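Notes follow once the structure below has been shown.
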């Protein structure tokens, strides 16, 4: 239960949730919340000012 | 150290019951750690499930 939170891993009966907890993620990168990023509205960029 | 004819068998039996009963407590402990495995699994499966609906 400590290894499914530290990110060290779990061996035993808690060995199925080691692939469910890889989808959650670690830090800023989350495989689950990066599925939403192929569908982001395309906003224009920033260029210098022309009259 | 002289003793009567039945005392040594009362003393061996009072430690057979103890090991048998302490054997059952182990079996039940292991079962309850299996419930917390099922529970965690379920939760994380419901999250991964909602994701697939919403992104669709």
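For neighbour counting, all protein chains shown are included, and Cβ atoms are generated from backbone atoms with ideal geometry for every residue, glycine included. Read-outs throughout are calculated quantities, based only on the coordinates presented, and are distinct from any laboratory measurement.
Treat each spin label as a single point 7 Å out from the Cα along the C-beta direction, and report the residue A:11 to residue A:38 distance in nm.
Going by the 7 Å Cα→Cβ label model, 3.6 nm.
I'd like the orientation of helix B:17-54 relative to chain B: the angle between its Cα long axis and the longest Cα principal axis, in ° from 0 to 90, rounded to 10.
Long axis of B:17-54 versus the principal axis of chain B: about 0 degrees.
Give me the percent of Cα-Cα pairs in chain B that sit more than 19 Å apart, rounded to a whole number.
Within chain B, distances greater than 19 Å cover 63 percent of Cα pairs.
So if I take the centroid of the Cα atoms in the stretch B:27-55 and the same for the stretch A:5-23, what is the distance between those two points in Å?
Centre-to-centre distance over Cα atoms comes out at 12 Å.
Taking every eigenvalue of the Cα gyration tensor of the protein assembly as shown, multiplying by 5 and rooting it, what semi-axes result, largest first, whole Å? Can you show the working numbers first?
Values: eigenvalues 789, 41, 9 Å².
Equivalent ellipsoid of the protein assembly as shown: 63, 14, 7 Å, largest first.
What is the ratio of the Cα radius of gyration of chain A to 2.2 N^0.38 Å, with N the residue count, to two decimals?
1.96
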